[PDB]
Amino acid sequence: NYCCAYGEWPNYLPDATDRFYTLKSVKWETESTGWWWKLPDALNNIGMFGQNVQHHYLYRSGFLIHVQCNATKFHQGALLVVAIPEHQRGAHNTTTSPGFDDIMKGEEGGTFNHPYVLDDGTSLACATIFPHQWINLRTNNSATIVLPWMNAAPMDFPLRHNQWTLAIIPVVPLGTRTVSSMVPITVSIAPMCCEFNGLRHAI
Amino acid sequence: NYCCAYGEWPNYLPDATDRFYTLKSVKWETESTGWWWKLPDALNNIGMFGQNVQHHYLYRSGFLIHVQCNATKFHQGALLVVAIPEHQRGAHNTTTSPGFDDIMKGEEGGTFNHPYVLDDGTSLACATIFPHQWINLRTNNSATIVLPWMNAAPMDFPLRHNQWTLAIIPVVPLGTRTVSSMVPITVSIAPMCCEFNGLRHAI
Amino acid sequence: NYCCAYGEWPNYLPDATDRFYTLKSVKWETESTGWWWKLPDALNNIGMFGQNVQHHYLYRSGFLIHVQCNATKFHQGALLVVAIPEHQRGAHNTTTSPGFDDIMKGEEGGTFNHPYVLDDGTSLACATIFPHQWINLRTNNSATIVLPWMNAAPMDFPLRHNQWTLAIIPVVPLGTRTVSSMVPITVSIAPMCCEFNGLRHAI
Amino acid sequence: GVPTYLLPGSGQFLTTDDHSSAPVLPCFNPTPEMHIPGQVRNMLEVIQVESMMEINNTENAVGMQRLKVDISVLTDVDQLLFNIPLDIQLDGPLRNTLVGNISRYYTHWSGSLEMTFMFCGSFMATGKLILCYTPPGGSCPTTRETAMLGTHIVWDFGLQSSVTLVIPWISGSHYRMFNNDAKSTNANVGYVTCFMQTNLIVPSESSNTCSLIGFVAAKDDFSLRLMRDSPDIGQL
Amino acid sequence: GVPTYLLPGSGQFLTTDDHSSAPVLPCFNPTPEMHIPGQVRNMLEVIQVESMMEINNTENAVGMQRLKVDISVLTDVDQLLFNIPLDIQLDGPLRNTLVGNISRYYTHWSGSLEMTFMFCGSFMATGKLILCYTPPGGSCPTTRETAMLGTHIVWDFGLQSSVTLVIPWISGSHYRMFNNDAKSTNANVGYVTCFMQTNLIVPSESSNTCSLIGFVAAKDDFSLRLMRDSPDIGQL
Amino acid sequence: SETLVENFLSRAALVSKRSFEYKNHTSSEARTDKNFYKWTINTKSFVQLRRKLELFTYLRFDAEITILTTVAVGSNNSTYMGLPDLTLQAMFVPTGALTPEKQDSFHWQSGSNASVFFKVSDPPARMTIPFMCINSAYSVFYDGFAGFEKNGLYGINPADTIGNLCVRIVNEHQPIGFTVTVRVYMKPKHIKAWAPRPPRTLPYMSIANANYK
Amino acid sequence: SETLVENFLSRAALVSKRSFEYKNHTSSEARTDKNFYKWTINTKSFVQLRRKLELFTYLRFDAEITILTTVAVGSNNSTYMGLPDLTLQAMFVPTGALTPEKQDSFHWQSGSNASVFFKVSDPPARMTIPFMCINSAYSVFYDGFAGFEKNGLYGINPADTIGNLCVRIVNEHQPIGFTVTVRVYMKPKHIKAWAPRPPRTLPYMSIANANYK
């Protein structure tokens with residue numbers, strides 16, 4: 001079952017690129033901290049939506065997040081799939097603002113440095129206030145999350161703003177007693193109800 | 001669910017022996033090539049139907065094939081259960097026609113020499129044109145196949161003709177990392193809508 | 001007034017890129033032989049239609065040809081604007097088939113070698129059987145030609161086929177007695193009723 | 001009537017004519033037509049039933065070891081797993097199918113191709129696989145980020161363990177055929193690739209080397225013309 | 001029925017017969033007929049679209065310099081400017097047109113011929129040109145006073161800058177044809193001449209050497225019979 | 001419609017091309033053709049039409065037969081001399097009926113058998129073999145044995161042996177020898193196909209069985 | 001009515017007259033005809049019918065083919081001797097299908113291909129080639145390249161190659177040689193013409209392209 005963010009279906013702006021852009025699935029280990037993919041930065045460089053990111057100065061898009069954890073039934077682990085609305089990250093023990101390479105991670109996305117505080121000063125223990133599902137391999141092998149337009153501006157630039165941020169976190173680390181084995185995190189994102197205006201040069 | 005051959009239920013001839021004759025279940029291994037049971041030669045010597053084979057010069061019968069692969073859910077493997085209509089076998093690298101003992105294998109049935117070409121010059125890759133099911137142990141532990149009368153002659157001799165030929169083939173070999181363990185192939189055949197005329201001596 | 005080819009309006013295929021792609025306007029001189037632009041090769045590399053040429057294996061498109069000859073009223077000259085359906089060119093005095101660079105001229109288009117025979121063995125004197133208008137600067141400063149889908153195949157590759165071929169020919173050379181002065185040939189092409197299928201890699 | 005003058009092609013042995021001739025035995029009644037199950041009125045009924053192909057397509061592998069792919073736990077993430085061409089009238093994985101061998105019996109073949117894969121793993125085995133159908137003309141993707149631009153399916157194995165890829169009927173011409181040679185425009189059909197998105201994850205007691213089986217069949221829109229003798233077999 | 005006796009011309013290969021034959025591929029369905037624009041059901045649709053001719057008809061001039069006439073300011077008043085014969089099946093200016101080359105593909109050609117001239121000058125260029133269609137049999141006029149006896153059009157260029165000369169279908173016989181030789185009665189068609197009545201007058205800043213382009217097409221009454229191989233091209 | 005099985009299987013493929021010799025073979029011959037060749041009608045001798053007909057199990061059809069005979073001069077004569085006329089009595093022998101052993105073999109009268117008359121200087125012989133088998137279709141395969149003895153051959157039907165298409169020179173021998181190439185064409189009309197099989201991949205070695213190598 | 005395009009284009013003009021030689025060409029020949037000639041059906045080899053068909057771009061028609069074969073004696077024999085009979089197996093090879101290379105070239109059985117049978121002592125061979133191209137008309141021109149490589153030939157369609165009209169001697173070789181003049185006649189029926197072009201003025205030099213001199 002889907003868990004549409006705050007109980008509303010995404011739509012066009014009031015008065016093509018819906019392919020499920022499956023990412024390169026990350027290895028989940030026991031020592032895996034967690035992986036975050038900022039949207040649309042996780043899809044800024046891949047696909048026709050990725051070309052629409054460069055070719056348009058402004059954009060709006062919902063995202064149909066689908067995380068797949070193909071596992072044996074003997075495997076153990078629940079990941080918090082949380083789609084943070086507007087995840088301003090932080091760096092540990094520094095007053096410096098985190099730069100381009102710590103945030104603009106591209107299609108592969110960034111790993112989590114200290115995910116217990118969600119790398120932003122908050123707590124992940126409360127981060128279930130978010131759009132959120134569970135991929136507890138006891139019962140749930142695949143979760144999905146529906147994301148509407150999340151920006152105070154109605155329609156803004158993709159290449160210098162992340163509206164949503166996927167974060168797949170092992171709150172419980174993997175268990176199969178061969179430390180860890182297989183279990184990829186197939187994160188597939190479809191930009192649904194996508195709309196692009198401002199036909200300018202491909203930035 | 002059954003997969004009745006070409007979507008038609010078997011019946012009597014237009015103008016008792018329905019016991020499920022379970023065979024001796026064959027050991028499925030990683031190196032198992034595949035096992036074929038020619039019908040009614042797999043039931044020529046067992047049961048009241050087996051005695052009806054000898055006691056009657058002519059016969060007609062449908063067969064309710066039921067293959068059982070009792071397995072752990074951690075076991076791996078899919079077998080092509082194909083009931084070949086009229087499987088004229090062949091031998092590798094010889095021009096000689098295969099004899100009695102290579103075809104009249106009895107109740108135990110014959111193993112497959114080169115099952116990739118289905119031991120007849122065809123390809124098993126296309127042998128899903130057949131009456132066919134899958135016993136993929138991920139989802140399917142037991143398959144069944146319904147076989148009508150398959151002969152150009154309306155009613156012929158059992159002891160010198162095989163109409164159907166079961167073929168259980170490991171397209172994917174067994175996996176449980178203890179090379180192979182247990183997993184029998186319980187092949188149970190019930191001659192349904194059986195009919196026998198020509199009351200002569202028991203041949 | 002438009003002169004739609006053989007009196008029929010273009011349309012979609014029976015059971016975005018409509019921007020007027022103005023070319024670099026060619027200097028018309030007294031000694032100007034004539035200029036041909038093969039379609040869609042004149043628009044293969046320019047614009048969103050030019051990117052759709054590479055991004056799609058197959059295509060169909062009509063073209064709204066508009067030639068502009070901005071001139072003084074004292075200027076003299078009529079150009080045959082002819083949109084040849086399927087102009088297989090030829091080379092003078094050679095039996096060799098003309099190659100890539102003599103035909104795939106790109107956005108700039110090719111000049112005419114011997115335009116009186118239309119560089120194909122025919123005669124330009126009969127080339128008014130074509131989609132054709134006149135830009136006689138006495139009365140007509142700007143002409144336009146509507147081009148439907150012209151291919152025996154319903155929908156084919158753009159990058160290895162020219163359906164139409166514009167040919168702007170000075171049947172009468174320019175006259176202003178300062179040999180020639182200004183008069184560009186603003187050739188603007190809008191792909192109208194464009195349609196693209198076969199979403200493959202950008203060739 | 002009485003004055004008849006013959007045709008230019010009169011008296012010619014035609015390989016594919018259908019005018020009836022005088023029967024050899026006029027008083028013979030044939031065998032009465034009994035209802036044999038499986039009546040074939042057209043080859044399409046042969047075509048839309050499934051057929052595995054050589055999805056390994058590795059030259060060293062032969063037999064069923066080339067009929068099945070072996071997705072291991074130690075297979076690296078984002079690895080090319082099939083690279084199956086769709087030239088069913090040319091060499092490839094799909095040549096030894098009903099679709100390929102029936103299409104090699106004709107020249108002009110049209111239709112949408114269903115491609116069902118079933119994952120032959122354990123029930124507890126899991127893993128998300130990204131399967132991209134590249135449109136014709138487009139080359140092979142080698143990474144996942146070059147793969148989801150086309151029509152791709154993310155497949156966690158789950159409970160279904162069998163997906164279909166309905167390759168649509170898309171071509172430059174309105175049929176696809178031999179093109180008289182492989183080196184042409186309409187001869188290439190487009191590639192279907194698979195990669196692992198979240199890697200194969202198996203239990204430590206179950207089988208590490210998992211496997212997967214492909215299939216091909218047609219839709220009801222498949223058609224064939226210009227029947228020809230295939231190069232699959234020949235006398236010597 | 002049963003007794004048939006053959007024709008005297010039976011078994012003859014006819015170049016222009018139309019009796020159908022047995023198709024080579026009986027089970028082949030051809031490509032479906034799609035609406036290609038420009039459907040030609042008859043050559044007349046080719047004929048009543050315009051075509052320029054070699055109105056210069058001066059032996060030294062070739063190319064478009066012979067396709068266009070050059071009316072200069074220094075051209076003398078009352079000067080022969082075209083002298084175009086209308087033997088479309090013989091040599092002349094009109095031989096390289098749709099009208100001429102289509103008529104050379106037949107023998108018996110009939111119909112009225114429209115002859116539109118458009119004056120390729122400046123907008124400020126002016127001059128009255130007298131254009132006489134001499135009836136067939138009548139020789140060429142060389143002066144204007146021998147020219148307006150026939151059907152002639154006075155053409156000040158003005159704003160229209162394009163006139164038509166509807167040469168009527170007038171002939172001694174009821175079709176016009178090859179006559180088996182050029183030296184005959186119905187082979188000659190009559191001349192069309194042009195002279196300058198009030199001389200070309202151009203501004204002192206505009207182009208002095210003005211030009212003019214002719215055209216030919218047919219009316220709806222054009223007809224052709226006895227299709228023959230033209231001497232326009234030949235193999236060697 | 002072009003892909004219909006009636007349209008599919010009705011291709012006149014050469015299944016027996018016998019260049020049988022026409023000479024006084026009674027003079028000195030041991031095993032060869034004595035101005036006649038006895039060919040059992042099986043549709044499996046040439047592998048193109050064979051693999052076309054290994055597509056299915058059961059194939060009930062009216063088997064149109066077209067015999068095209070071309071008479072060429074012998075290499076022993078090495079002279080052209082012109083093509084002489086030669087009528088051929090083309091007999092079909094049904095199952096159970098006897099087959100001839102000579103050119104004048106006393107079975108050519110065919111009191112029960114069906115034979116057709118034609119000439120070499122006449123378009124090829126088009127007749128239609130009736131669907132004559134005891135079973136209701138042509139089982140091109142036989143997973144069983146023809147006889148109830150153990151040494152019976154595998155794969156052979158005692159009912160689908162179509163017959164023997166025996167073609168001779170009804171006329172007497174010529175002093176000049178002639179190699180008569182008789183080409184046999186099968187146009188199976190009224191295709192009633194059943195239970196499709198995979199097309200054969202490995203090459204054949206024996207016509208009778210379906211061995212693989 | 002006489003000027004109708006159906007009446008216009010349906011003239012049986014000779015587009016390939018191959019006087020191919022009938023002799024043991026297997027003895028000593030290098031490049032020449034081996035009792036067969038492979039002619040790709042293009043309507044552009046003879047310039048009368050070619051310029052008749054350069055009138056239009058797109059020409060969808062049912063192309064009736066009439067083959068008139070006349071057997072003359074060879075100059076090596078220098079003897080008349082009478083005209084011997086010779087049946088010809090006239091095969092059309094469609095696009096994609098293989099073309100033969102010998103007289104007995106193993107493709108003459110034509111399991112998929114369509115071949116007709118006729119004799120020299122029979123009126124000429126009149127059959128009707130189906131409109132077989134993938135495109136909806138015969139683009140006699142191609143402003144483009146057949147392949148996506150740069151070295152592909154300009155002007156050639158990968159769809160309008162009609163086939164190969166391959167005519168052989170199905171009979172064996174004669175000791176006396178014979179030059180068989182095979183004349184090929186195109187009667188295009190059901191003319192569907194589109195978008196007229198000017199008739200060609202300058203002479204041709206190459207059949208494939210439309211170069212001018």
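Structure's up top.
## Remarks on the overall build of chain A
- A count of helices and strands for chain A gives 1 helix and 10 strands.
- Each helix (α) and strand (β) of chain A, taken in turn from the N terminus, gives the series β-β-β-α-β-β-β-β-β-β-β.
- For chain A, whose C-alpha radius of gyration is 17 Å, the value lies close to the compact-globule estimate of 17 Å for 203 residues.
- Summarising its shape, the C-alpha atoms of chain A cover approximately 55 × 40 × 30 Å along the three principal directions.

## Considerations on the overall build of chain D
- Helix and strand counts for chain D stand at 3 helices and 13 strands.
- For 236 residues, the compact-globule formula gives about 18 Å, and the C-alpha radius of gyration of chain D, at 23 Å, lies well above that figure.
- In terms of its C-alpha atoms, chain D occupies a principal-axis envelope of roughly 90 × 45 × 35 Å.
- Put simply, chain D has 236 residues, and 67% of those count as buried.
- Counting contacts in chain D only where the partners sit at least 6 residues apart, residues at least 24 apart contribute 79% of the total.
- Accessible surface for chain D amounts to roughly 8000 Å². Of this, 56% is attributable to carbon and sulfur atoms.

## So, the arrangement of the chains
- Inter-chain contacts occur across 13 pairs of chains; the most extensive set of contacts lies between chains A and D.
- A gap remains between chain A and chain F, with no contact made and the closest C-alpha atoms lying 35 Å from each other.

## Let's talk about the side chain of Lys189(F)
- Structurally, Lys189(F) is set in strand β9 (residues 178-196).
- Of the polar contacts made by the side chain of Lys189(F), one reaches the side chain of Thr128(F); its length is 2.6 Å.
- Ignoring any residue separated from it by four or fewer positions in sequence, one finds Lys189(F) in contact with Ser20(D), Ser21(D), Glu6(F), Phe61(F), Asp62(F), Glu64(F) and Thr128(F).

## A closer look at the pattern of salt bridges
- Considering all chains together, one arrives at 35 salt bridges over all chains under this definition.
- Note that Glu54(F) and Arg50(F) form a salt bridge whose closest N and O atoms lie 2.8 Å from each other.
- Residue classification places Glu54(F) among the buried residues on the basis of a relative accessible area of 8%.
- Salt bridges sharing common partners tie together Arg95(D), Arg104(D), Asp232(D) and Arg51(F).

## A word on the nonpolar core
- Residues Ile185(A), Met115(D), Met115(E), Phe56(F) and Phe56(G) are the most contacted members of the largest nonpolar core, which totals 251 residues.
- Residue contributions to this core peak at 9 residues, all from strand β3 (residues 56-73) of chain F.
- Discounting residues that sit within four places of it in the chain, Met115(E) has contacts with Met53(E), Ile84(E), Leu86(E), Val163(E), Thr164(E), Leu165(E), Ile167(E), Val192(E), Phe215(E) and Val216(E).

## So, the interface of chain A and chain D
- Every contact between the two is made by 37 residues of chain A and, on the other side, 39 residues of chain D.
- Summing the contributions of chain A and of chain D, the shared interface buries around 2500 Å²; its carbon and sulfur component is 61%.
- Three residues stand out in chain A for area buried against chain D, namely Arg19(A), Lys24(A) and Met182(A), and they jointly supply 33% of the buried area on that side.
- Run the count over chain A and chain D and you get 2 salt bridges.
- Linking chain A with chain D are 42 residue pairs in polar contact.
- When residues of the side of chain A that touches chain D are traced back to their parent elements, those giving at least two are β1 (21-22), β2 (26-27), α1 (47-55), β4 (56-69) and β10 (184-199) of chain A.

## A look at the packing of aromatic side chains
- Summed over the entire model, instances satisfying the criterion amount to 53 aromatic pairs over all chains.
- A centroid spacing of 6.3 Å and a plane angle of 25 degrees characterise the contact between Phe13(E) and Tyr185(G), whose relative ring orientation is stacked. With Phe13(E) in the segment before β1 (22-23) and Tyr185(G) in strand β9 (residues 178-196), the pair connects residues from two separate chains.
- The exposure class assigned to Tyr185(G) is buried, which follows from its relative accessible area of 14%.
- Relative to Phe157(E), the ring of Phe119(E) has its centre 3.6 Å away and its plane inclined at 5 degrees; by these criteria the two rings are stacked. Taken together, the residues span a long stretch of sequence, with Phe119(E) in the loop between β6 (113-118) and β7 (128-133) and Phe157(E) in the loop between β8 (151-156) and β9 (162-167) at a distance of 38 residues. In terms of burial, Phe119(E) and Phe157(E) fall into one category: buried.
- Each residue in the set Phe49(A), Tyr59(A), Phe63(A), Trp149(A) and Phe196(A) is aromatic and connected to the rest through ring pairs, giving one cluster.

## Topic: the interface of chain D and chain F
- Contacts between chain D and chain F engage 47 residues on the former and 49 residues on the latter.
- In this assembly, chain D packs against chain F so that about 4100 Å² is buried in total across both faces, 63% of it on carbon and sulfur atoms.
- The largest per-residue losses of area from chain D upon contact with chain F belong to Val24(D), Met227(D) and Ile233(D), which jointly make up 16% of the total buried on that side.
- Counting across the chain D and chain F interface gives 4 salt bridges.
- Two residues, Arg51(F) and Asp232(D), come together in a salt bridge whose shortest N-O distance is 3.1 Å.
- At the junction of chain D with chain F, the criterion picks out 23 residue pairs in polar contact.
- When residues of the side of chain D that touches chain F are traced back to their parent elements, those giving at least two are β1 (22-23), β2 (39-40), α1 (44-47), α3 (98-103) and β13 (223-225) of chain D.
- No other element matches the 3 residues that α3(D) contributes to the side of chain D that touches chain F.
- Of the residues that constitute the side of chain D that touches chain F, the class distribution is 24 nonpolar, 16 polar and 7 charged.

## Some details on the sheet that holds strand β10 (residues 191-196) of chain D
Residues and elements named next belong to chain D.
- If you trace the 4 strands from one edge of the open sheet to the other, you get β4-β10-β7-β8, paired in antiparallel fashion. Only two strands of the sheet have a single neighbouring strand rather than two, namely β4 (84-85) and β8 (151-156).
- Here 2 bridges tie β4 to β10, and the two strands are oriented antiparallel to one another. Counted as the bridge partner of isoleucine 84 is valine 192 from β10.

## Here we look at the sheet that holds strand β5 (residues 114-119) of chain F
Residue and element names in this part refer to chain F.
- What the 4 strands build is an open sheet, ordered β2-β8-β4-β5; its pairing is antiparallel. Edge positions in the open sheet fall to β2 (36-40) and β5, since each of these has one partner strand only. Neighbour-to-neighbour, the strand axes of the sheet open up by a mean angle of 15 degrees, direction not taken into account.
- Inspection of the sheet shows strand β4 (residues 87-93) paired to strand β8 (residues 164-168) by 4 bridges, in the antiparallel sense. Paired with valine 93 across the two strands is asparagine 164, which belongs to β8.

## Side note on a nonpolar patch on the surface
Residues and elements named next belong to chain A.
- A contiguous nonpolar patch, built from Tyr57, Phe157 and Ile203 and spanning about 280 Å² of accessible area, is present on the exposed surface.
- Mapped onto the fold, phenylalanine 157 is located in the loop between β8 (142-147) and β9 (164-170).
- Taking the relative accessible area as the measure of exposure, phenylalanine 157 reaches 34% and is therefore partly exposed.

## Some words on the pairing of β9(A)
Residues and elements named next belong to chain A.
- Of all 7 residues in β9, 7 are buried, a share of seventy percent or more.
- Going residue by residue along β9, you find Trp164, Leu166, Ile168 and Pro170 tucked away on one face and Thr165, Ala167 and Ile169 tucked away on the opposite face as well.
- In this structure, strand β5 (residues 79-85) lies alongside β9, joined through 7 bridges in antiparallel fashion. The residue of β9 that forms the bridge with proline 85 is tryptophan 164.

## Section: unusual backbone geometry
- In this structure, the amide linkage connecting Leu39(B) to the following residue, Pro40(B), adopts the cis form with an omega of 10 degrees.
- For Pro40(B), the location among the structural elements is in the loop between β3 (35-39) and α1 (47-55).
- Residues other than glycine seldom take positive phi values, yet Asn93(B) does so here, at roughly 65 degrees.
- Of note, the phi angle at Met81(F) is positive, near 70 degrees, even though the residue is not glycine.
- By relative accessible area, which is 63% here, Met81(F) ends up exposed.

## Observations regarding the pairing of strand β3 (residues 35-39) of chain C
All names here are of chain C.
- For β3, a buried count of 5 out of 5 residues is recorded, marking the element as mostly surrounded by other parts of the structure.
- Side chains of β3 alternate between two faces, with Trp35, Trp37 and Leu39 and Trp36 and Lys38 buried alike.
- In terms of strand pairing, β3 meets strand β6 (residues 110-111) through 2 bridges, oriented antiparallel. Its bridge partner being in β6, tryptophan 35 is matched across the sheet by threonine 111.
- Looking at chain direction, β3 and strand β9 (residues 164-170) are connected through 5 bridges and run antiparallel. Looking across to β9, one finds that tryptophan 37 is bridged to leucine 166.

## Notes on the side chain of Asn179(D)
- Tracing the backbone shows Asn179(D) in the loop between β9 (162-167) and β10.
- Not counting chain neighbours up to four residues away, the residues in contact with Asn179(D) comprise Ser184(D), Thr185(D), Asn186(D), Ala187(D), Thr95(G) and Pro158(G).

## So, the environment of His201(B)
- Following the sequence through the fold, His201(B) ends up in the segment after β10 (184-199).
- Sequence-distant contacts of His201(B), that is, excluding residues within four places in its chain, are made with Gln54(B) and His55(B).

Rules behind the numbers
Residues numbered from 1 in each chain as written, not as in the entry; some residues may be left out. Chains lettered and ligands numbered in written order. Part of a larger assembly, values for the part shown. Heavy atoms only, no water. Helix = DSSP H or I, 4+ residues; strand = E, 2+ residues; numbered from the N terminus. Rg over C-alpha atoms; globule rule 2.2 N^0.38 Å. Buried < 20%, exposed > 50% of the residue type's maximum accessible area, 1.4 Å probe, protein only. Contact = heavy atoms within 4.5 Å. Areas by Shrake-Rupley, 256 points an atom, 1.4 Å probe, with all protein chains shown as cover. Polar contact = N/O pair within 3.5 Å; in protein donor to acceptor, adjacent residues only side chain to side chain. Salt bridge = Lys/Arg side-chain N within 4 Å of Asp/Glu carboxyl O. Core = buried A, V, L, I, M, F, W, Y, C linked by side-chain atoms within 4.5 Å. Buried area = accessible area lost by both parts, 1.4 Å probe. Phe/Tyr/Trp six-rings, centres within 6.5 Å; stacked < 30°, edge-to-face > 60°. Nonpolar A, V, L, I, M, F, W, Y, C, P; charged D, E, K, R; others polar. Pairing = 2+ DSSP bridges. Axes fitted to C-alpha atoms, helices over the stretch in contact; angles between N-to-C directions. Patch = residues over 30% accessible without salt bridge, like charges linked within 9 Å, V, L, I, M, F, W, Y side chains within 5 Å.

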